[PDB]
Student: 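Dumping the structure here so I can ask a few things about it.
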Amino acid sequence: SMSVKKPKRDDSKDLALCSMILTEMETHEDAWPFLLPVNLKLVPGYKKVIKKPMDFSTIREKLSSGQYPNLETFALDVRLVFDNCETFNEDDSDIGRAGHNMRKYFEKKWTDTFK
Ligand SMILES: O=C1CCc2ccc(O)cc2N1
């Protein structure tokens with residue numbers, strides 16, 4: 001509260017670390033469904049069903065241009081990619097499996113890096 005401050009994380013390396021995690025995501029062999037935004041003109045249902053599309057290239061642009069206030073807003077966008085994937089794909093599909101795999105991959109890097 002006013003004039004009562006918590007000790008807080010050293011956050012000075014967060015940008016670099018998030019960039020490294022994103023690079024690791026981008027180069028994972030199962031990243032292919034998530035590298036670019038889904039084409040809303042060509043994919044039936046996607047525009048109506050998925051209220052907030054997100055993809056790695058959009059996250060990369062936001063990270064490169066100061067549009068994440070903190071590391072938690074970055075993690076929210078990454079998770080959104082995989083949450084969207086679950087909404088639109090059966091677990092028993094190539095893309096459904098890819099999303100589950102990438103999510104697991106991300107959360108371990110996240111834990112290992114920041115927790
Ligand atoms: O999540 C997605 C991205 C859009 C898409 C297009 C074609 C398809 O067979 C599956 C998908 N799932």
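We number each residue from 1, following the sequence as shown.
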Student: Residues in side-chain hydrogen bond (donor to acceptor under 3.5 Å, both in side chains) with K104, at least two apart?
Tutor: none
Student: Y68 versus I59: any side-chain heavy-atom pair under 4.5 Å?
Tutor: yes
Student: Donor-acceptor pair, distance only, cut-off 3.5 Å: does the side chain of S1 make one with the backbone of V4?
Tutor: no
Student: List for me each residue that meets side-chain hydrogen bond (donor to acceptor under 3.5 Å, both in side chains) alongside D83, sequence neighbours excluded, and say none if there are none.
Tutor: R103
Student: Side chain of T111, backbone of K108: donor and acceptor closer than 3.5 Å?
Tutor: no
Student: Are the side chains of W110 and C18 in touch, meaning some heavy atoms are under 4.5 Å apart?
Tutor: yes
Student: Which residues, ordered by chain and number, are linked to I95 in its hydrophobic cluster, where ILVMFWY side chains connect at heavy-atom gaps below 4.5 Å, directly or through other members?
Tutor: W32
Student: Answer with yes or no whether the hydrophobic clustering places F82 together with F88; edges join I, L, V, M, F, W, Y residues whose side-chain heavy atoms lie under 4.5 Å apart.
Tutor: no
Student: Taking the side chain as everything from C-beta on, heavy atoms only, tell me whether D14 gets closer than 4.5 Å to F114.
Tutor: yes
Student: With sequence neighbours left out, write down each residue that passes ring-ring contact (aromatic ring centres under 6.0 Å, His included) with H28, or none if nothing qualifies.
Tutor: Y105
Student: Return all side-chain donor-acceptor pairs below 3.5 angstrom for residues 34-53, not counting sequence neighbours, or 'none' if the list is empty.
Tutor:
unit_1, atom_1, unit_2, atom_2, d
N39, OD1, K41, N, 3.0
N39, OD1, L42, N, 3.2
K51, NZ, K48, O, 2.5

Student: Applying salt bridge (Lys or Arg N to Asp or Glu O under 4.0 Å), which residue pairs with at least one partner in residues 92-101 are found, sequence neighbours left out?
Tutor: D92-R97, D94-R97
Student: Using the test side-chain hydrogen bond (donor to acceptor under 3.5 Å, both in side chains), find all partners of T58 that sit at least two apart in sequence or belong to another chain.
Tutor: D55
Student: Is it true that a side-chain atom of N70 and a backbone atom of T73 form a donor plus acceptor pair closer than 3.5 Å?
Tutor: yes
Student: May I have the list of side-chain donor-acceptor pairs in residues 20-27 shorter than 3.5 Å, sequence neighbours left out?
Tutor:
unit_1, atom_1, unit_2, atom_2, d
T23, OG1, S19, O, 3.1
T23, OG1, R60, NH2, 2.9
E24, OE1, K109, NZ, 2.7
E26, OE1, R60, NH2, 2.8
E26, OE2, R60, NE, 3.0
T27, OG1, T23, O, 3.1
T27, OG1, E24, O, 3.3

Student: CG/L76 to CE/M54 distance, rounded to the nearest 0.5 angstrom?
Tutor: 10.5 Å
Student: Heavy atoms, side chains only, cut-off 4.5 Å: are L71 and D11 in contact?
Tutor: no
Student: Mind checking what makes side-chain hydrogen bond (donor to acceptor under 3.5 Å, both in side chains) contact with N89, not counting sequence neighbours?
Tutor: none
